[PDB]
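# Observations on chain architecture
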Amino acid sequence: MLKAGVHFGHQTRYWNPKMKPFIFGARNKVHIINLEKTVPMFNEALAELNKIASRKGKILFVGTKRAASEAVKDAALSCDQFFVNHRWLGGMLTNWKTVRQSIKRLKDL
RNA sequence: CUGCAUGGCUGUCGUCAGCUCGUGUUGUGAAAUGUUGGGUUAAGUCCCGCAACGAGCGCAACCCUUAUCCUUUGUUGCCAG
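Each chain carries its own residue count, running from 1 in the order of its written sequence; this scheme can depart from the entry numbering, and residues that have no coordinates do not appear. Chains and ligands are labelled sequentially in the order written, the chains with letters from A and the ligands with numbers from 1. In this view the chains form part of a larger assembly, and all numbers refer to the visible part. Only hydrogens and water are set aside; all other atoms, that is, all heavy atoms of the structure, feed into the side-chain values.

Per the deposited record, cryo-EM is how this structure was determined, to a resolution of 15 Å.

The name given to chain A in the PDB entry is 30S ribosomal protein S2, with the source organism recorded as Escherichia coli. Anyone opening this PDB entry will find it titled "E. coli 70S-fMetVal-tRNAVal-tRNAfMet complex in hybrid pre-translocation state (pre5a)".

## Some thoughts on the overall build of chain A
Looking only at helices and strands, chain A has three helices and two strands in total. Secondary structure elements are taken from DSSP: a helix is a run of H or I of four residues or more, a strand is a run of E of two residues or more, and numbering for both begins at the N terminus. Taken from the N to the C terminus, the helices and strands of chain A come in the order α-α-β-β-α. Radius of gyration here is computed from C-alpha atoms only, and the compact-globule reference equals 2.2 Å multiplied by the residue count raised to the power 0.38. At 20 Å, chain A has a C-alpha radius of gyration far larger than the 13 Å of a compact globule built from 109 residues. The buried label goes to any residue with under 20% of its type's maximum accessible area, the exposed label to any with over 50%, and the partly exposed label to all in between, with areas taken from a 1.4 Å probe on protein chains only. Burial statistics for chain A: of 109 residues in total, 9% are counted as buried. It only takes one pair of heavy atoms within 4.5 Å for two residues to be counted as in contact. Partitioning the intrachain contacts of chain A with sequence separation of at least 6 by distance along the chain shows that 29% fall at a separation of at least 24. When the accessible surface of chain A is totalled, it reaches about 10,400 Å², and 58% of it is carbon and sulfur. Just so you know, the count uses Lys and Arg for positive and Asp and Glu for negative, and it drops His and the chain ends. In this description, the location of a charge corresponds to atom NZ of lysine, CZ of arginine, CG of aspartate or CD of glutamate. The distance from the centre of the 20 positive side-chain charges to the centre of the 7 negative ones in chain A is 8 Å. Per-residue and other accessible areas were derived by the Shrake-Rupley procedure at a 1.4 Å probe size, with only the shown protein chains allowed to occlude residues.

## So, the side chain of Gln-81
For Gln-81, the location among the structural elements is in the loop between strand 1 (60-62) and strand 2 (82-84). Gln-81 sits in the buried class, given a relative accessible area of 9%. Within the structure, the side chain of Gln-81 is placed 2.9 Å from the backbone oxygen of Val-72, a separation counted as a polar contact. Those residues within four positions of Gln-81 in sequence are excluded, and the remaining contacts are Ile-59, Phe-61, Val-72 and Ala-76. Whenever two N or O atoms come within 3.5 Å, that pair is a polar contact, provided that in protein one can donate a hydrogen and the other can accept it, and provided that, for residues adjacent in sequence, both atoms are side-chain atoms.

## As for the protein's contact with RNA strand B
Around RNA strand B, the structure places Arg-87, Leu-89, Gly-90, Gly-91, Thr-94, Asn-95, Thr-98, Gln-101 and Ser-102. Neighbouring residues are identified by heavy atoms, a residue being near a molecule or strand if any of them is within 4 Å of it. Close to the protein, within 4 Å, the atoms of RNA strand B are drawn from sugar and phosphate at a rate of 61%. A distance of 2.9 Å separates a sugar or linking oxygen of RNA strand B from a polar side-chain atom of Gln-101. When residues are grouped by polarity, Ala, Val, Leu, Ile, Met, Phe, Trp, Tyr, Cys and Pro land in nonpolar, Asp, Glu, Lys and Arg in charged, and all others, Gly among them, in polar. Across the surface near RNA strand B, the residue classes break down as one nonpolar, seven polar and one charged.

See the structure below:
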């Protein structure tokens, strides 16, 4: 009820040194993650996303996997938001004033 | 009188597929990246994709002629009817 979510446990090798402490003691040599902080850690981050929305910040969403690539353009369409669903460029965001010539190209075609 | 005094004008490596530029990245930096890779070609040509996205000179097309046809003008040329 504290959220918490789905576990199998999946991946048995090469764990990230900052994610290893989320493993819990159930069975000999068995990998399984504890998720009892998912929404408790989101409730404090969504407070600063509220501060960026208060500052009228432009929000960008990204996904390429089949569960996310369709959702970034449909599941948040109750506000004004921007997305990337499949294809990327060199300097996609860090060279935006060059990338604008491809938006002039898009609209000209 | 002479192209280390010149402007200009044409050869040749070279009709070869090369040489550069705006912004971004990379290194202390000259610079490198882009022009490489993977297919394809007559070709830095076209396609695919990537830290690149687009450009300038070459490139290529338009241009012109030629193999077959249809149609307009025919002498002192031509001669099918």
